[PDB]
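Novice: Please work out how this folds:
(one chain, ligands or ions: 1)
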Amino acid sequence: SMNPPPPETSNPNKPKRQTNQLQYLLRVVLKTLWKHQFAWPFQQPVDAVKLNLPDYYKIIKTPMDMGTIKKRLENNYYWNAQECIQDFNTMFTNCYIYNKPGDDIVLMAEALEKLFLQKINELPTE
Ligand SMILES: CNC(=O)C(C)(C)C
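Specialist: Numbers count the residues shown, from 1 in each chain. Shown next is the protein structure:
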């Protein structure tokens, strides 16, 4: 029922890059999803205490959210685009694993994911 530490956003010994694909992931992909009317449940780690979801972190062992992704991107945490794409996919998958099919949150994730897929389809060549 308690919250775990959030995912890290800093790790000085993890090697890092700033690539054109990672730049697109921030300027286009994250910015597009972040501004959406359905972004709000996804802009920060799930607070299982405030939301009264005592089993959330029993089920979701690889938490991820756009607040974390945003900080990772702003702080150049990633080596490659794949790492960041994986973080978005973990976020959507978690939502679909935890929640009931058809729930509001699922529809919200689906709307964000559709946009994510449309933007990733035009990920620039390196
Ligand atoms: C991303 N948030 C969720 O999946 C809830 C469990 C609905 C708070």
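Novice: Apart from its neighbours in sequence, what residue is nearest whichever residue of the chain sits closest to the ligand?
Specialist: Residue of the chain nearest the ligand, by C-beta to the nearest ligand atom: residue 105 (3.8 Å). Every residue, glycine included, has its C-beta placed from N, CA and C. In space, residue 105 comes closest to residue 99 once its chain neighbours are excluded; the distance is 5.2 Å by C-beta to C-beta, 6 or more residues apart in numbering.
Novice: For that neighbour, the count of nearby residues, please.
Specialist: Residues lying near residue 99 (other C-beta atoms under 10 Å) number 15.
Novice: One more: residue 65?
Specialist: So residue 65, with other C-beta under 10 Å, has 21 neighbours.
Novice: For it, which non-adjacent residue is closest in space?
Specialist: Leaving aside its chain neighbours, residue 65 sits nearest to residue 45 (5.1 Å; criterion: C-beta to C-beta, 6+ apart).
Novice: what kind of secondary structure is residue 96 in?
Specialist: Using DSSP: H, G, I helix; E, B strand; the rest coil, the structure places residue 96 in helix.
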